[PDB]
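A single chain comes next, written as structure tokens; it is the form deposited without the ligand.
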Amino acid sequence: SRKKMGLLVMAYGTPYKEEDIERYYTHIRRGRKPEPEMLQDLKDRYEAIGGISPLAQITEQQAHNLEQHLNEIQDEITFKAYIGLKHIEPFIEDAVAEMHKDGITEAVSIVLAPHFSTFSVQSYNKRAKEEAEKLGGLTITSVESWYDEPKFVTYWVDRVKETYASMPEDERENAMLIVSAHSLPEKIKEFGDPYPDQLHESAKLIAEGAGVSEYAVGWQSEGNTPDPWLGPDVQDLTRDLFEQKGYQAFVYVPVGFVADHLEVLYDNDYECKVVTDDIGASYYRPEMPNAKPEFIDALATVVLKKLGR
């Protein structure tokens, strides 16, 4: 009696093993293979964060739990999850072609990145729809953003509350909250890309809900191109804020990311920790959503709301 629908879960993607590093970054670098020294460094970074194997598993677990949960909280639709990635197989097109072959005719998509941007989200959705249009007989409704879903805000608000609560007294009174997301080229502004504003809005909503009056907005993990990228970078912001007010502790909320991957386990947990360790301040970074029940419910609500349920 249920209506069959495809659940297209898209994401950036991650290597499955150390030997994937080369091709994964070549793709990210738009066809330019990393030099020998860079390849070695990347391997060292992944080893330092506990290994690669767990990365892709988080995404698979996210897609799977979301599929099971949605199927349990409503009784009108039966969802079937398909993972589509940008930088490694299964690619976005591959997932769409599979849904078609399996007989899916109606699907709903969601990107594992809360803020809309013309660079990624719009591109992912555009590519999924074009593949479906090319195959025919299949339509897709795409979630464009969900950073403002109350349940998602609540997740971070609660994590931040716990973090400040566990803080000593003299730290709680001189702590700074830094909310960040993946940095992108500044040129996106020429299209009126709401990306920057959505990050600032997430920061305001999380700070307000947690009761934190002192916070800043930062970017991280910027790529390497001649054109300028959104700033300031979390590393510089941390130092700059310290040099002007001398905070004793920094709380990092990489709201732009949803899992324990390299741009949090290393770009925050290591690179940011280096700076805080250097200035003599305490480092804090709340648990990422990953595949936890609270997060999966938030995502389920996002999907159902998109479908008018």
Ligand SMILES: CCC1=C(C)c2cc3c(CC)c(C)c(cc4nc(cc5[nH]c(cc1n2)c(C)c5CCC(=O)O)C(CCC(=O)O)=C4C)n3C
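From 1 onward, residues are counted along the sequence shown.
As for the form deposited with the ligand bound, it is not shown, yet the points below apply to it.
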query	finding
Candidate stretches 278 to 286, 246 to 254, 30 to 38, 62 to 70, one within 4.5 Å of the ligand in the bound PDB entry by heavy atom	30 to 38
Partner proximity in the bound PDB entry: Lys43 to the ligand, non-hydrogen atom cutoff 4.5 Å	no
Distance check, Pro185 to the ligand in the bound PDB entry, heavy atom within 4.5 Å	yes
is_contact(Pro150, the ligand) in the bound PDB entry, heavy atom dist at most 4.5 Å	no
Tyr16: touches the ligand in the bound PDB entry, heavy atom cutoff 4.5 angstroms	no
Listed residue that, although the ligand is not shown, lies within 4.5 Å of it in the bound PDB entry (heavy atoms), from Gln198, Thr163, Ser221, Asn125	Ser221
Partner-contacting position among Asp75, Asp227, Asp170, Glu190 - heavy atom within 4.5 Å of the ligand in the bound PDB entry	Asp227
Any residue of 153 to 173 that, in the bound PDB entry, places a heavy atom within 4.5 Å of the ligand	none
